[PDB]
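A short write-up of the structure that comes next.
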Amino acid sequence: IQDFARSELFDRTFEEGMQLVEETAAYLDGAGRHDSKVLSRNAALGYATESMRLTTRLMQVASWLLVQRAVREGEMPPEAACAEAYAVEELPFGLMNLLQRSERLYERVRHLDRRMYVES
Amino acid sequence: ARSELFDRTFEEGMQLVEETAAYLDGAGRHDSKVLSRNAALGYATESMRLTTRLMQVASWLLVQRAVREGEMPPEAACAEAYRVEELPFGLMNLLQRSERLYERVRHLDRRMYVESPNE
């Protein structure tokens with residue numbers, strides 16, 4: 001019943017989660033700023049709302065990975081986490097990439113979340 | 001984000017999560033089973049209010065924690081993580097401890113990320 005028996009994979013998807021967050025904050029406060037301020041207004045409004053979706057999505061993943069790590073270290077009980085979460089767009093190259101990486105990271109976590117807690 | 005002495009609120013958060021998980025899974029079941037159908041429904045609905053509030057704080061505490069340990073960048077924490085009566089004795093205590101922990105962290109969250117030009 002216990003299992004969670006975390007390693008190898010988790011351990012891999014944790015590294016993906018943390019690197020994505022580091023590259024996002026570096027982009028949004030760096031190149032993304034200059035990428036967005038040379039857009040048209042409709043493209044910038046699109047950049048604005050899609051930046052929010054990116055950071056929110058990563059917040060869920062970061063929160064998930066850190067809690068599951070806290071459970072793996074024994075800081076949090078294995079039983080706590082059993083309720084715990086789970087239009088025209090021509091955007092810049094950098095934002096578009098991080099958004100596609102975050103989507104692949106999200107469902108990678110969601111599938112891991114279901115096999116880890118929803119099963120069977 | 002010097003956020004030391006938030007160790008106290010960190011230790012408080014992690015203990016309450018631990019006590020909640022011990023209660024809802026131990027003595028809380030007996031408090032639920034020997035209870036009227038409507039109050040048992042109040043037990044279930046408020047325990048979910050409790051556990052979702054604690055994951056909110058637990059997730060905040062750690063993400064702070066990772067920021068403090070340099071696992072996550074400080075630039076992160078932005079727009080990121082912010083915020084019938086008859087009930088068993090054990091549940092009431094955890095709810096009221098969570099209400100105090102939440103206001104403790106919400107005050108802490110505001111002084112770390114929205115204060116500066118206030119008030």
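Please note that chains go A, B, ... in the order of the structure tokens, that every chain numbers its residues from 1, and that ligands are numbered from 1 in the order shown.
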Residues of chain B within 8 Å of chain A, counting only C-alpha atoms - could you list those as a JSON list (two decimals) with N, CA and C atoms, in the first residue's frame?
```
[["chain", "number", "residue", "atom", "x", "y", "z"],
["B", 14, "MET", "N", 4.73, 21.93, 8.99],
["B", 14, "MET", "CA", 5.05, 20.53, 8.77],
["B", 14, "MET", "C", 4.50, 19.63, 9.88],
["B", 17, "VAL", "N", 0.53, 19.40, 9.39],
["B", 17, "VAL", "CA", 0.30, 18.45, 8.32],
["B", 17, "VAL", "C", 0.43, 17.03, 8.84],
["B", 18, "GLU", "N", 1.40, 16.81, 9.72],
["B", 18, "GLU", "CA", 1.68, 15.49, 10.27],
["B", 18, "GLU", "C", 0.58, 15.06, 11.24],
["B", 21, "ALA", "N", -2.73, 14.28, 9.31],
["B", 21, "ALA", "CA", -2.65, 13.00, 8.63],
["B", 21, "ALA", "C", -2.77, 11.87, 9.64],
["B", 51, "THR", "N", -7.47, 20.13, 4.70],
["B", 51, "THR", "CA", -6.37, 19.47, 4.03],
["B", 51, "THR", "C", -5.90, 20.22, 2.77],
["B", 52, "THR", "N", -6.82, 20.93, 2.12],
["B", 52, "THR", "CA", -6.50, 21.74, 0.96],
["B", 52, "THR", "C", -5.88, 23.08, 1.37],
["B", 55, "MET", "N", -2.10, 22.00, 2.29],
["B", 55, "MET", "CA", -1.27, 21.76, 1.11],
["B", 55, "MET", "C", -0.89, 23.07, 0.44],
["B", 58, "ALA", "N", 1.88, 24.19, 2.94],
["B", 58, "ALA", "CA", 2.99, 23.26, 2.78],
["B", 58, "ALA", "C", 3.74, 23.51, 1.46],
["B", 59, "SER", "N", 2.98, 23.72, 0.39],
["B", 59, "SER", "CA", 3.55, 24.01, -0.92],
["B", 59, "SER", "C", 4.26, 25.36, -0.91],
["B", 60, "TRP", "N", 3.69, 26.34, -0.22],
["B", 60, "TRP", "CA", 4.32, 27.64, -0.08],
["B", 60, "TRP", "C", 5.63, 27.53, 0.72],
["B", 62, "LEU", "N", 7.68, 25.15, 1.25],
["B", 62, "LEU", "CA", 8.78, 24.49, 0.55],
["B", 62, "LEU", "C", 9.31, 25.31, -0.60],
["B", 63, "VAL", "N", 8.59, 26.31, -1.02],
["B", 63, "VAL", "CA", 8.98, 26.73, -2.30],
["B", 63, "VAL", "C", 9.76, 27.96, -2.10],
["B", 71, "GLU", "N", 17.51, 26.16, -5.04],
["B", 71, "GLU", "CA", 16.98, 25.15, -5.95],
["B", 71, "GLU", "C", 16.04, 25.79, -6.96],
["B", 72, "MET", "N", 15.32, 26.81, -6.50],
["B", 72, "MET", "CA", 14.47, 27.61, -7.36],
["B", 72, "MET", "C", 14.90, 29.06, -7.27],
["B", 73, "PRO", "N", 14.86, 29.78, -8.40],
["B", 73, "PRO", "CA", 15.20, 31.19, -8.39],
["B", 73, "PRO", "C", 14.18, 32.03, -7.61],
["B", 75, "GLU", "N", 13.19, 34.95, -8.40],
["B", 75, "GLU", "CA", 12.33, 35.60, -9.38],
["B", 75, "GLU", "C", 11.06, 34.79, -9.62],
["B", 76, "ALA", "N", 11.01, 33.64, -8.97],
["B", 76, "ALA", "CA", 9.94, 32.69, -9.16],
["B", 76, "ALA", "C", 8.71, 33.14, -8.44],
["B", 80, "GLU", "N", 2.94, 33.71, -8.24],
["B", 80, "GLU", "CA", 3.08, 32.27, -8.11],
["B", 80, "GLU", "C", 2.33, 31.51, -7.02],
["B", 81, "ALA", "N", 2.55, 31.90, -5.77],
["B", 81, "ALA", "CA", 1.89, 31.25, -4.64],
["B", 81, "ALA", "C", 1.51, 32.26, -3.56]]
```
Distance query residue 84 (chain B) at most 10 Å, only C-alpha atoms, self and fewer than 2 positions along chain excluded, as a list in words: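 Non-adjacent residues within range: residues 38, 39, 40, 41, 42, 43, 86 and 87 of chain B.
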Sel. of helix (DSSP H, G or I) residues, chain B, as an MDAnalysis selection string: chainID B and resid 7:23 27:33 37:68 89:113
Write to file, as a PDB file, in the first residue's frame, the residues of the selection just made, with C-alpha atoms.
```
ATOM      1  CA  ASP B   7      11.822  28.229  10.420  1.00  0.00           C
ATOM      2  CA  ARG B   8       9.341  28.473  13.154  1.00  0.00           C
ATOM      3  CA  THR B   9       6.430  28.784  10.798  1.00  0.00           C
ATOM      4  CA  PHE B  10       7.981  26.061   8.639  1.00  0.00           C
ATOM      5  CA  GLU B  11       8.207  23.648  11.575  1.00  0.00           C
ATOM      6  CA  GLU B  12       4.661  24.648  12.583  1.00  0.00           C
ATOM      7  CA  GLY B  13       3.380  23.910   9.082  1.00  0.00           C
ATOM      8  CA  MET B  14       5.055  20.533   8.772  1.00  0.00           C
ATOM      9  CA  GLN B  15       3.855  19.421  12.233  1.00  0.00           C
ATOM     10  CA  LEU B  16       0.227  20.395  11.592  1.00  0.00           C
ATOM     11  CA  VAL B  17       0.296  18.452   8.321  1.00  0.00           C
ATOM     12  CA  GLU B  18       1.675  15.489  10.267  1.00  0.00           C
ATOM     13  CA  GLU B  19      -0.931  15.739  13.034  1.00  0.00           C
ATOM     14  CA  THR B  20      -3.757  16.092  10.511  1.00  0.00           C
ATOM     15  CA  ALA B  21      -2.653  13.003   8.632  1.00  0.00           C
ATOM     16  CA  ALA B  22      -2.401  11.107  11.932  1.00  0.00           C
ATOM     17  CA  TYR B  23      -5.857  12.279  13.006  1.00  0.00           C
ATOM     18  CA  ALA B  27      -8.885   8.828  15.822  1.00  0.00           C
ATOM     19  CA  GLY B  28     -10.779  11.034  13.362  1.00  0.00           C
ATOM     20  CA  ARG B  29     -12.425   8.009  11.765  1.00  0.00           C
ATOM     21  CA  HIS B  30     -13.952   6.977  15.111  1.00  0.00           C
ATOM     22  CA  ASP B  31     -15.158  10.554  15.594  1.00  0.00           C
ATOM     23  CA  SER B  32     -16.709  10.375  12.135  1.00  0.00           C
ATOM     24  CA  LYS B  33     -18.271   6.907  12.447  1.00  0.00           C
ATOM     25  CA  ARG B  37     -25.208  11.743   9.142  1.00  0.00           C
ATOM     26  CA  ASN B  38     -25.403  15.526   8.784  1.00  0.00           C
ATOM     27  CA  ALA B  39     -22.528  16.239  11.180  1.00  0.00           C
ATOM     28  CA  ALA B  40     -20.474  13.482   9.539  1.00  0.00           C
ATOM     29  CA  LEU B  41     -21.083  15.312   6.283  1.00  0.00           C
ATOM     30  CA  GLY B  42     -19.846  18.444   8.045  1.00  0.00           C
ATOM     31  CA  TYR B  43     -16.803  16.485   9.182  1.00  0.00           C
ATOM     32  CA  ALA B  44     -16.005  15.413   5.626  1.00  0.00           C
ATOM     33  CA  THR B  45     -16.542  18.850   4.088  1.00  0.00           C
ATOM     34  CA  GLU B  46     -14.433  20.673   6.685  1.00  0.00           C
ATOM     35  CA  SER B  47     -11.635  18.122   6.707  1.00  0.00           C
ATOM     36  CA  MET B  48     -11.341  18.784   2.965  1.00  0.00           C
ATOM     37  CA  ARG B  49     -11.272  22.514   3.700  1.00  0.00           C
ATOM     38  CA  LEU B  50      -8.506  21.728   6.191  1.00  0.00           C
ATOM     39  CA  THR B  51      -6.369  19.475   4.025  1.00  0.00           C
ATOM     40  CA  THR B  52      -6.500  21.744   0.958  1.00  0.00           C
ATOM     41  CA  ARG B  53      -5.547  24.707   3.156  1.00  0.00           C
ATOM     42  CA  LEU B  54      -2.554  22.814   4.535  1.00  0.00           C
ATOM     43  CA  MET B  55      -1.268  21.758   1.113  1.00  0.00           C
ATOM     44  CA  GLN B  56      -1.553  25.395   0.130  1.00  0.00           C
ATOM     45  CA  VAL B  57       0.755  26.349   2.996  1.00  0.00           C
ATOM     46  CA  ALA B  58       2.994  23.264   2.784  1.00  0.00           C
ATOM     47  CA  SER B  59       3.546  24.009  -0.915  1.00  0.00           C
ATOM     48  CA  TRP B  60       4.324  27.636  -0.080  1.00  0.00           C
ATOM     49  CA  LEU B  61       6.702  26.767   2.762  1.00  0.00           C
ATOM     50  CA  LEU B  62       8.775  24.494   0.553  1.00  0.00           C
ATOM     51  CA  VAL B  63       8.980  26.727  -2.300  1.00  0.00           C
ATOM     52  CA  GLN B  64      10.368  29.260  -0.164  1.00  0.00           C
ATOM     53  CA  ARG B  65      12.454  26.500   1.074  1.00  0.00           C
ATOM     54  CA  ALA B  66      13.845  25.630  -2.352  1.00  0.00           C
ATOM     55  CA  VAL B  67      14.317  29.312  -3.139  1.00  0.00           C
ATOM     56  CA  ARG B  68      16.264  29.629   0.136  1.00  0.00           C
ATOM     57  CA  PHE B  89     -12.774  18.030  19.384  1.00  0.00           C
ATOM     58  CA  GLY B  90      -9.764  16.885  17.338  1.00  0.00           C
ATOM     59  CA  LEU B  91     -10.969  18.385  14.050  1.00  0.00           C
ATOM     60  CA  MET B  92     -11.834  21.737  15.629  1.00  0.00           C
ATOM     61  CA  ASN B  93      -8.288  22.053  16.987  1.00  0.00           C
ATOM     62  CA  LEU B  94      -6.652  21.372  13.637  1.00  0.00           C
ATOM     63  CA  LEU B  95      -8.969  23.801  11.818  1.00  0.00           C
ATOM     64  CA  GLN B  96      -8.212  26.602  14.284  1.00  0.00           C
ATOM     65  CA  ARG B  97      -4.486  25.831  14.138  1.00  0.00           C
ATOM     66  CA  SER B  98      -4.685  25.937  10.345  1.00  0.00           C
ATOM     67  CA  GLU B  99      -6.542  29.249  10.433  1.00  0.00           C
ATOM     68  CA  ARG B 100      -3.726  30.698  12.524  1.00  0.00           C
ATOM     69  CA  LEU B 101      -1.029  29.156  10.315  1.00  0.00           C
ATOM     70  CA  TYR B 102      -2.671  30.540   7.198  1.00  0.00           C
ATOM     71  CA  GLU B 103      -2.825  34.095   8.550  1.00  0.00           C
ATOM     72  CA  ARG B 104       0.770  33.666   9.716  1.00  0.00           C
ATOM     73  CA  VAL B 105       1.921  32.712   6.218  1.00  0.00           C
ATOM     74  CA  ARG B 106      -0.340  35.202   4.417  1.00  0.00           C
ATOM     75  CA  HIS B 107       1.201  37.992   6.518  1.00  0.00           C
ATOM     76  CA  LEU B 108       4.630  36.508   5.788  1.00  0.00           C
ATOM     77  CA  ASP B 109       3.886  36.216   2.053  1.00  0.00           C
ATOM     78  CA  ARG B 110       2.770  39.849   1.839  1.00  0.00           C
ATOM     79  CA  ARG B 111       5.820  41.264   3.652  1.00  0.00           C
ATOM     80  CA  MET B 112       8.101  39.277   1.344  1.00  0.00           C
ATOM     81  CA  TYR B 113       6.473  40.008  -2.029  1.00  0.00           C
TER      82      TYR B 113
END
```
Non-local contacts of region 31-41 of chain A (8 Å; only C-alpha atoms; under 4 positions in same chain excluded) as JSON, numbers by chain: {"A": [26, 27, 45, 47, 92, 94, 95]}
Produce a file of the selected residues containing C-alpha atoms, as a PDB file, in the first residue's frame.
```
ATOM      1  CA  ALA A  26      15.609  33.748 -16.916  1.00  0.00           C
ATOM      2  CA  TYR A  27      13.657  34.201 -20.148  1.00  0.00           C
ATOM      3  CA  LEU A  45      -1.607  40.735 -24.991  1.00  0.00           C
ATOM      4  CA  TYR A  47       2.232  37.010 -24.691  1.00  0.00           C
ATOM      5  CA  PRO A  92       7.926  34.486 -29.902  1.00  0.00           C
ATOM      6  CA  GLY A  94      11.401  31.441 -26.730  1.00  0.00           C
ATOM      7  CA  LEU A  95       7.974  31.609 -25.105  1.00  0.00           C
TER       8      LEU A  95
END
```
Distance of CA of residue 3 (chain B) from CA of residue 69 (chain B), expressed in Å to one decimal place: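 Between CA of residue 69 (chain B) and CA of residue 3 (chain B) the gap is 11.1 Å.
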